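For this one, two forms of the same chain are given in structure tokens, first as structure 1 and then as structure 2.
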Structure 1
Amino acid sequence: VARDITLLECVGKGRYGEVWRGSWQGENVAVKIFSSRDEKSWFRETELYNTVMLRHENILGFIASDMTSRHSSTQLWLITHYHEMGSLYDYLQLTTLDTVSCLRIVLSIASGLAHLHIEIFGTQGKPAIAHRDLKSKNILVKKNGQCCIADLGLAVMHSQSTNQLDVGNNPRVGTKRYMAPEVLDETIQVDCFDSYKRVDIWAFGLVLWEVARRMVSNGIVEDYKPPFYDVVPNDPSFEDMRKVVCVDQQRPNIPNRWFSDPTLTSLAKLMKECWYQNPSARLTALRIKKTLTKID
């Protein structure tokens, strides 16, 4: 419960709220305190962690939900494991990677995404889940080099047994930088569950690009950069994204030095197969996981 947690330092702040390192019984925990404008995401994520009972070594480990009243307002808390290395966005700016380190990160992310997408049938089986806002800032780096996925407030669920679709009721929109072309020009079929899985794939390809840039080969390595850093400004608008992703059909450039390394070359082909304008031509999360397991 919140009254037993000592907030020790703020490690994040934004439109979503803020993220704190706290102590509970003398050991670290992560507390996300949701902004007023993002209450729906707390409700959605509490449903997944509590009712569906989501857990997996590549999904941020849940501890508890709670409401606490403070300063004459009521706050919505989400308490989870603490990872001192921060998010992949922070980690990649402080270190380069070797071949084995680079492959763990991208294999563990694909392993997390596959768990979400795949339905487990039976008595109390988890439905299929699409994330819908995957990015490097809501993926965490664990001390064993593997990653885990967080920030599930936009998720959509599906069960083929009943074949009903639960899109929830959240006014939040995805991060514009990572938006997929069928989103930016409003052709995505909102009634078909596969549509949301193919959105996660597009975003996964971008994160794969972000990480591969940091792997060293033959003494060469790129600085960290976010997707489309060279053609859109910070906090880009819906219109900016569409000009780049739809009108000009642009994609993150493949650095030429990648073509003198066998791992980076196999990862480049995988990226491009996540980036088709035609959403149904993209690979599945399971396909990606399998391919990454055989690359070395």
Structure 2
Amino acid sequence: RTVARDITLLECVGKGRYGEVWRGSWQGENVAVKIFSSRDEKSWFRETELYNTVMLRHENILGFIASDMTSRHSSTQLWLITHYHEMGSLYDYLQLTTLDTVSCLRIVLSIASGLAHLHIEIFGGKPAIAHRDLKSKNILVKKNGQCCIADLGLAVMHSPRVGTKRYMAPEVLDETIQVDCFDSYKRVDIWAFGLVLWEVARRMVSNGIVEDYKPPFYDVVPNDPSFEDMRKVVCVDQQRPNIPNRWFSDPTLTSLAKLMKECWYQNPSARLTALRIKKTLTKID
């Protein structure tokens, strides 16, 4: 048999400290190709080890196609190949796009769905998985209006790289997280989910009003905030993102404000579960 391997790289759609993402083509069809820096090799190894353990398949998880390691003269080349989502990341999308009630709920319920799928152990199935770097740049917008969760390079299974500091829960910033305890990692993801819910909700129009896109804590920390900057805001002062008055005129945003509050308790065990968040979102509107 012929094994047509060649992928054509067509367009760079992302470049960062730790690698690049390309739109590519395989057999006339778009794929996404993440090329890792050797500095972030462990993220390729961890995502590859996870998919060699359990082949996740879910409409709200970025679709795996391949992991490739290629020997070069004096280096190793590491690629991850996935489905390609031409609308780009939720972070990208929220910059110019505003939302209505239906599109806002569809986005956040799709994210909750993907996250609950990661978190749940299924017997016979999948181990429970915590993401550990959930944020709007790690969520892609699909053409059908649902999103999918990307980047399992920091993920942990239950049967170097740390999370993005802006999205870190208070127990991560004050180093009290119970590291031997899998439920602790799920509760870190729930905190981060609440921040993503805030980012999205701001862009939902009500009574002709919308907020501009801002990242969580934009008004209290610098760009590329330090670990200490974050700890002082989140742990010492116990600040949370602002809920604008205009949300309390809209039943959807009133319900979403309540939800995001229940993701942000200082006590990790008080936070909602992903399954409970899904149930609450199905009862809104």
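Reference numbering: structure 1, starting with residue 1. Heads up, when I say rigid core I mean the largest set of C-alphas that superpose within 1.5 Å between the two forms.
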Mover between structures 1 and 2 (rigid core aligned, C-alpha >= 2 Å shift), picked from 249, 256, 69, 253, is 69
Superpose on the rigid core and then read off how far the CA of residue 23 has moved between structures 1 and 2, in Å. 1.2
Per-residue Cα shift, residue 49, between structures 1 and 2 [Å; core superposed]: 2.2
